[PDB]
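One structure is given here, and the rest of the page talks about it.
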C-alpha cells in the first residue's frame, strides 16, 4: 500500500510512535518519506553485501528480519521479512521500535542523518491533526 501523508501520521500516532525512545512523530515521518515514499511494498537489494531492505522503513535483513538468503544474518526482531511487506504496518512498527532500542537510535538509518537530522521536519505532520 502507498500511504497518504496524514493517513500514515495518524496511523503511527495510534501505534505509539510519537516520542518512542525520544523520537518525535515528524522524525518517523521524515524517515518513511526518504526510505520508501510511504510504500509498504518497497524492497531494495544491496548487491554489495547481499542483504535486502524491506518495507516502509527499509529494515535490513542482515540484522532484523529473516529472509533466509542473506549471508551471516541475524533476526533480532525474530520476524520473517515477509511481515514487513504487508499493508498493515503493525509488524513493521514493532520492528522499527526494536531497531531504535539499540544505542544508535534513529541514527541507525543513514537516510535519517542525510535527510532529517538538524532539519525542520514539522512539514511532514503539518495539517494531519496529530
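Swiss-Prot numbering applies to chain A: residues 19-148, in that order.
Recorded method is X-ray crystallography, 1.8 Å.
Yeah, the Cβs are placed from backbone N, Cα and C, and that goes for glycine too.
Around the Cβ of residue 24 (disulfide bond), the same chain contributes 145, 146, 147, 148, each under 8 angstroms and 6 or more positions distant in sequence. If you look up Swiss-Prot, you'll see 24-146 (among others) marked as disulfide bond.
Around residue 134 (disulfide bond), the same-chain residues at least 6 positions away in sequence with a Cβ under 8 Å from its Cβ are 45, 48, 49, 52. The feature disulfide bond is assigned by Swiss-Prot to 48-134 (among others).
Per Swiss-Prot, active site is recorded for 53 (among others). In the structure as shown, the Cβ atom of residue 53 (active site) sits within 10 Å of 21 other Cβ atoms.
Taking the Cβ of residue 71 (active site) as centre and 10 Å as the limit, one finds 20 other Cβ atoms among all the protein chains shown. Under the heading active site, Swiss-Prot lists 71 (among others).
For the recorded site, residue 83 (disulfide bond), the DSSP three-state label reads coil. What Swiss-Prot lists as disulfide bond is 83-99 (among others).
Distance noted between the C-alpha atoms of residue 99 (disulfide bond) and residue 71 (active site) is 9 Å. The sparsest Cβ neighbourhood within 10 Å, among the listed disulfide-bonded residues (48, 83, 99, 146), is found at 146. Note: the CA-CA distance between residue 71 (active site) and residue 83 (disulfide bond) rounds to 10 Å.
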